[PDB]
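Take a look at the letters that make up each chain.
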Protein chains: 2
Amino acid sequence: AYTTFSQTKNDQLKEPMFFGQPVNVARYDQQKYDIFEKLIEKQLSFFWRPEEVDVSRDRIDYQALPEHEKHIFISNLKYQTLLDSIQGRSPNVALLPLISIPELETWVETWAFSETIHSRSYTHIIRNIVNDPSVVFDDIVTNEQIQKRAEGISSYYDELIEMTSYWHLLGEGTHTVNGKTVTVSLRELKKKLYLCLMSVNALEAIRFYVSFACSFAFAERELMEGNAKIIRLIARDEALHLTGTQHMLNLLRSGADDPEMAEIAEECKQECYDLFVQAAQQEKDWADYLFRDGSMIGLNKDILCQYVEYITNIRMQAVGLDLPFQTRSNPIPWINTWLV
Amino acid sequence: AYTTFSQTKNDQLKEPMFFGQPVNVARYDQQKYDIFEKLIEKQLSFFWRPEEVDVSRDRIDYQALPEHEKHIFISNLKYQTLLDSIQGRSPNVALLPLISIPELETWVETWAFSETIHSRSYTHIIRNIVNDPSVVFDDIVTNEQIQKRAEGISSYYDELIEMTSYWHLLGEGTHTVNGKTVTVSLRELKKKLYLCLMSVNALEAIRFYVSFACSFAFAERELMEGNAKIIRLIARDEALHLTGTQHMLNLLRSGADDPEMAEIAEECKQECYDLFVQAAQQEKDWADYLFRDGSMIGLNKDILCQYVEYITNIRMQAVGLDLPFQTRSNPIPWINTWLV
């Protein structure tokens, strides 16, 4: 059911963002929702190359950091490296086969692409501060702590990809495959997609902002400033990334795109609220892992866990969900001089 | 069978290019094949924005052209727009799910991204020379001549996509699906990938080069100098794209990567040869369509067909195929003033 060039001439302005007729002609003269065209323009104007930033002195700072501070820094770096590895390929394999409007298709591709630049910058850093980069890279797949957060995020993607395959192959309805029943509902598929987008929004809007806190905490003490210059640029991109998923989620919930989606939005309010809250809990448990051997100047478990709450509330707010925490303020206001 | 992050730690330097374990950690500190990393660096360093180029003059030049000359130009531009629409999404949708080494994965996403820039540049040209961009974009899908090239190209992608879905979902061997018996063969899938890759090489190495000839023939007359600056940047990019697929085809048939591929390469020798020869013939019938109402200074049906033959020999030899045409010197040597 999927074609790289649908032969039916259609009005792209009348197609839903998802599940419509695959995009055939790529035009940017007109747009259904010009937010995506703006995101593309913005992202392109922000184009940067990691190689350009000098992270040579960071090598010295890193070597001088006491054990626990190295731990804090490196664990954080490994996590980011993993999240962007997933973010690099995923928007492409998972969303591309379902997009129905040119603007969104190109945005997804541009978004996925900037993530690869992020992954490259992580190599650029790791390469210049560690002696054997392989040590670091290997632990990213090994480390049970990181692994617990890896699956869960990849699960929402994997399920979507599998269901999408079936739907494209067998079409809707009940089917038989090697003597088993298989039910392909377009409603279930749309639900999986929504959930996945909630998860991705949590990933970029919450998880990544927690790591930015750690990186900037060091920069505040004038340490790891090469790394800081890079996180500064990555954070600038991340803002665009989360804005994209916010608008997607909000267009879908308001039913201004596909009304079956607006229904799905409400039938999931709880499941969505739960995944967001679960994410925040994981991040708080991550803070434990990070500070197990001791804190550092400007940051500790309490400050970080409160930040997780503050940030989570603000994000859930933006996609019309209930705030799950009492926290009303940001404990590290200095992070704003680094952001955007 | 497809996962957004394979939890098992594998040595990525030992995996094949395709069908191995899905890449988890995106690293660039080490590579199995230096070529893909070099391409990524080059593509990144070539980064350009369509918008920056001034094409306001072209409107007048274009208006001043006789009907047959507008026909030549516009048909050429539509063809280019269609081809890159497919090239923007296809490598990501078709190839990404099969890649098992980091550097290749990133190259593919970069390549695809690069293609979306080309598509934007087409829109930028069209809306600056024509009145109602819609007439142009609409014709791209309804036009019988163009549709005759589109379906052939996309079929290679589409078939690979479909067979890939089966393999991921059901795995190898014979199966029962709604009664029908479906056979999923890994060797069969490998052949489709090789054929598809061979087709993409033809797309960028021959088809596009033929259109560059038309585009540049006008520049030689000092007309459409804006479109010319753009096509120049696009060609600089296209050179990287075909180099990419040549290396893939060559590594594959040399057996240096996967031994079973060297064997598939030998089995499909004739099929590949006919595929290339068919592409050249199709391009020759295109020149017929292009010049049906008359020719122009510096270019016509004969000259163009000669270039089709000249370029086809060279591309075919690069990927170990037989030369189907007479050997001759470059019929339009002036094109080198515009290339690379």
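Residues numbered from 1 in each chain as written, not as in the entry; some residues may be left out. Chains lettered and ligands numbered in written order. Heavy atoms only, no water.

Method-wise, the PDB entry is recorded as coming from X-ray crystallography, at a reported resolution of 2.8 Å.

Chain A has the name RIBONUCLEOTIDE REDUCTASE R2 in the PDB entry, where Escherichia coli is given as its organism. This entry's official PDB title is "RIBONUCLEOTIDE REDUCTASE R2 SUBUNIT FROM E. COLI". The heading Function in the UniProt record of chain A holds the text "Provides the precursors necessary for DNA synthesis. Catalyzes the biosynthesis of deoxyribonucleotides from the corresponding ribonucleotides. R2 contains the tyrosyl radical required for catalysis." Quoted straight from UniProt, the Catalytic activity entry for chain A says "a 2'-deoxyribonucleoside 5'-diphosphate + [thioredoxin]-disulfide + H2O = a ribonucleoside 5'-diphosphate + [thioredoxin]-dithiol". (UniProt positions renumbered as here; feature names shortened; annotations may be inferred.)

Some details on the overall build of chain A
Counting its secondary structure elements, chain A contains 10 helices and two strands. Starting at the N terminus and walking to the C terminus, you meet the elements of chain A as α-α-α-α-α-α-β-β-α-α-α-α. Relative to a compact globule of 340 residues, whose C-alpha radius of gyration would be 20 Å, chain A shows 21 Å and is just as compact. Over its C-alpha atoms, taken along the principal directions, chain A stretches across nearly 60 × 45 × 40 Å. Accessible surface, chain A: about 11900 Å² in total, of which carbon and sulfur atoms supply 49%. Here chain A carries 33 positive and 49 negative side-chain charges, and the mean point of each set is 2 Å from the other. (Helix = DSSP H or I, 4+ residues; strand = E, 2+ residues; numbered from the N terminus. Rg over C-alpha atoms; globule rule 2.2 N^0.38 Å. Areas by Shrake-Rupley, 256 points an atom, 1.4 Å probe, with all protein chains shown as cover. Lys, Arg positive; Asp, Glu negative; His and termini not counted. Charge placed at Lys NZ, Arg CZ, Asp CG, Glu CD.)

Regarding the interface of chain A and chain B
Facing the 67 residues of chain A at the interface are 67 residues of chain B. Taken together, the two surfaces of chain A and chain B that pack against each other cover about 6000 Å², and 59% of this comes from carbon and sulfur. Among the residues chain A hides against chain B, the three largest losses belong to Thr4, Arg89 and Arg120 of chain A. Together they make up 13% of the total. Along the contact surface separating chain A from chain B lie eight salt bridges. One salt bridge connects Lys9 of chain B with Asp138 of chain A, and the closest N-O pair in it is separated by 2.8 Å. If you look at where chain A meets chain B, you find 30 residue pairs in polar contact. Put simply, the parts of the chain that give the side of chain A that touches chain B at least two residues each are α1 (35-45), α3 (67-95), α4 (102-129), α5 (133-142), α6 (144-170) and β1 (173-176) of chain A. Classifying every residue of the side of chain A that touches chain B gives 28 nonpolar, 24 polar and 15 charged. (Contact = heavy atoms within 4.5 Å. Buried area = accessible area lost by both parts, 1.4 Å probe. Salt bridge = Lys/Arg side-chain N within 4 Å of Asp/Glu carboxyl O. Polar contact = N/O pair within 3.5 Å; in protein donor to acceptor, adjacent residues only side chain to side chain. Nonpolar A, V, L, I, M, F, W, Y, C, P; charged D, E, K, R; others polar.)

Some details on the UniProt feature "binding site: Fe cation 2" in chain A
All names here are of chain A. In the numbering used here, UniProt assigns the feature "binding site: Fe cation 2" to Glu115, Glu204, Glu238 and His241. Separation in sequence by 127 residues is not matched in space for these annotated residues, since their most distant C-alpha atoms are only 11.0 Å apart. Among the structural elements, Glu115 can be located in helix α4. The class for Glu115 is buried, based on a relative accessible area of 0%. Apart from residues no more than four positions distant in its own chain, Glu115 is found in contact with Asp84, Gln87, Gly88, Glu204, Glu238 and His241. (Buried < 20%, exposed > 50% of the residue type's maximum accessible area, 1.4 Å probe, protein only.)

Side note on the packing of helix α7 (residues 186-220) of chain B against helix α11 (residues 301-318) of chain B
Between two packed helices, the angle of one axis relative to the other and the distance separating the axes together describe the packing. All names here are of chain B. Running from amino to carboxyl end, α7 crosses α11 at an angle of 145 degrees, the nearest separation of the two axes being 10 Å. Seen from above, α7 lies across α11 with right-handed handedness. Along the contact surface, α7 presents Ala205, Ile206, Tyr209, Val210, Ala213 and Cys214, while α11 presents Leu304, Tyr307, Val308, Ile311, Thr312 and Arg315. Residue composition of the contact of α7 with α11, by class: 10 nonpolar, one polar and one charged. (Axes fitted to C-alpha atoms, helices over the stretch in contact; angles between N-to-C directions. Left-handed = near helix turned anticlockwise from the far one by under 90°.)

What to know about the pairing of strand β2 (residues 180-184) of chain B
Residue and element names in this part refer to chain B. In terms of strand pairing, strand β1 (residues 173-177) meets β2 through five bridges, oriented antiparallel. By the bridge assignment, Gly173 is partnered in β2 with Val184. Following β1, the chain reverses through two residues before pairing antiparallel with β2; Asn178 in that reversal takes a positive phi of roughly 60 degrees. (Pairing = 2+ DSSP bridges.)

A closer look at the UniProt feature "binding site: Fe cation 1" in chain A
All names here are of chain A. Here, the residues flagged by UniProt with the feature "binding site: Fe cation 1" are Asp84, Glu115 and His118. Taken along the chain, the residues just named run across 35 residues; in space they keep tight, none of their C-alpha pairs more than 6.7 Å apart. The topology assignment puts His118 in helix α4. Among residues more than four places away in sequence, those in contact with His118 are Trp48, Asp84, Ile234, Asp237 and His241.

Comments concerning the relation of the copies chain A and chain B
Note on the identical chains: chain A maps onto chain B by a rotation of 180 degrees and an axial translation of 0.0 Å, with an RMSD of 0.3 Å. Taken together, these values place the two copies in the relation of a two-fold axis. Relative to the rotation axis, the C-alpha of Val177 of chain A is the closest in chain A, positioned 2.2 Å from it. Of all interface residues in chain A, 96% are interface residues in chain B too; the two copies therefore contact each other through one and the same surface. (Least-squares fit on C-alpha atoms.)

Focus: the packing of aromatic side chains
All names here are of chain A. On inspection of all chains with the given rule, the structure shows 21 aromatic pairs over all chains. Relative to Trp338, the ring of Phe216 has its centre 5.0 Å away and its plane inclined at 10 degrees; by these criteria the two rings are stacked. Taken together, the positions of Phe216 in helix α7 (residues 186-220) and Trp338 in the segment after α10 (301-318) put the pair 122 residues apart, joining distant regions of the chain. Of the two residues, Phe216 and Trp338, neither departs from the other in class, the shared state being buried. Through a chain of ring-to-ring contacts, the aromatic side chains of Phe18, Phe19 and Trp167 assemble into a single cluster. (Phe/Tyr/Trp six-rings, centres within 6.5 Å; stacked < 30°, edge-to-face > 60°.)

A word on the nonpolar core
A general feature of soluble globular proteins is that nonpolar side chains tend to end up buried together. By size, the foremost hydrophobic cluster in this structure holds 256 residues, and its most contacted members are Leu104 of chain A together with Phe18 and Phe36 of chain B. In this view, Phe36 of chain B contacts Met17, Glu103, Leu104, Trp107, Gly244, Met248 and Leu251 of chain B; residues no more than four positions away in its chain are not counted. (Core = buried A, V, L, I, M, F, W, Y, C linked by side-chain atoms within 4.5 Å.)

Thoughts on the pattern of salt bridges
Counted according to the given criterion, the structure contains 49 salt bridges over all chains. For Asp293 of chain A, the salt bridge is made with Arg292 of chain A, and the minimal N-O distance between the two is 3.1 Å. A residue is classified by how much of its surface remains accessible, and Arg292 of chain A, at 54% relative accessible area, is exposed. Note that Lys190 of chain B is salt-bridged to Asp258 of chain B, the shortest N-O span being 2.7 Å. A residue pair is termed long-range when its members are at least 10 positions apart, and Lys190 of chain B in helix α7 and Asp258 of chain B in the loop between α8 (225-254) and α9 (259-267) qualify at 68 residues. No difference in accessibility class separates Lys190 of chain B from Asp258 of chain B, as the two residues are buried. Residues joined by salt bridges that share partners form a network here, namely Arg187, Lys190, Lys191, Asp258, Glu260, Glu263 and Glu267 of chain A.

Overview of the side chain of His175 of chain A
Along the chain, the position of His175 of chain A falls in strand β1. Relative accessible area serves as the criterion here: at 9%, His175 of chain A is assigned to the buried category. Within the structure, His175 of chain A has its side chain in polar contact with the side chain of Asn178 of chain B (distance 3.5 Å). Leave out the neighbours within four places in its chain, and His175 of chain A touches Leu170, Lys180, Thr181, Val182 and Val184 of chain A together with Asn178 of chain B.

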